[PDB]
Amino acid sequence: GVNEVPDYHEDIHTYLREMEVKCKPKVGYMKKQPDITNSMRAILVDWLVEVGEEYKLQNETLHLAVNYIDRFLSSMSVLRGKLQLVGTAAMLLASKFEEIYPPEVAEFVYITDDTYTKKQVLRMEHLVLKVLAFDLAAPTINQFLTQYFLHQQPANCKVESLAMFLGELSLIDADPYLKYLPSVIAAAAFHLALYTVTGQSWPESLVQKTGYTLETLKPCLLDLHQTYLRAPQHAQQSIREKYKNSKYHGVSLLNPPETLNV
């Protein structure tokens, strides 16, 4: 029905595919950052997951923030001491865009354990808006997933939750996930979740919609599969903790499959 906008979903899908190309970070940005590393970014993202949890923000908000951070760090060098300020400002902007009730600025200042002032958060907000030229309606992994979900036969909450989780995991590791578009990571996540829970594969119906096949998803699937297998060992664990919750059907507790069979 109308909550799935039958008359517009294709138009919307085509538009998001165009926009994800416009909103894409520079794949190699991190080697051009003198004072920050993938490891530092992973720490920051994991912290944003926790902030999202502490304030009960939407997952979409989390994804927008990372998009904003990665696009910012694509043209602006930042010292390690300032990385969190960028992240904080990004989470604020994502919250004002996506949330019904965004946390107040003072709450963002509070979660940085008074590393920064309100003035600093607000100036950074302004700098981020300038750098992104207010281009904030970015496509996320989530925006594609929820559409892919409509192709399940029948709907399955464990599959949906597990796909969200795998997609979140990808936010953590700029290498390799910076090289993949939201729509492709989403496809890999949906296929891996579906296969893990039900044994089934990427449906032909989504080949029709997306033009992607298991062949085109194969590189991302292999990365995401390694990511899932190693997830208990990863230095960052906030996503695994979050997805143990019943709100997400405790999917972080599901065992990953040992092989994907091509």
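Residue numbers here begin at 1 and follow the sequence given.
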Seminar exercise, completed: Assert higher mean C-alpha B factor (175-183 or 113-121, deposited values) equals 113-121
Exercise. Should the higher mean CA B-factor in the entry be assigned to 40-48 or to 22-30?
Worked result: 22-30
Problem set entry | Among modelled residues of the same chain, the CA temperature factor third for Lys244 | highest
Exercise. According to the PDB entry, is the CA B factor of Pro203 in the bottom, middle or top third of its chain, that is, lowest, middle or highest?
Worked result: middle
Problem set entry | Third assignment of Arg17 from its chain's C-alpha B-factors | lowest
Exercise. C-alpha B factor of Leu62, ranked within the chain: lowest, middle or highest third?
Worked result: middle
For this session: Tell me, lowest, middle or highest third: where does the Cα B factor of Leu79 rank within its chain?
Result: lowest
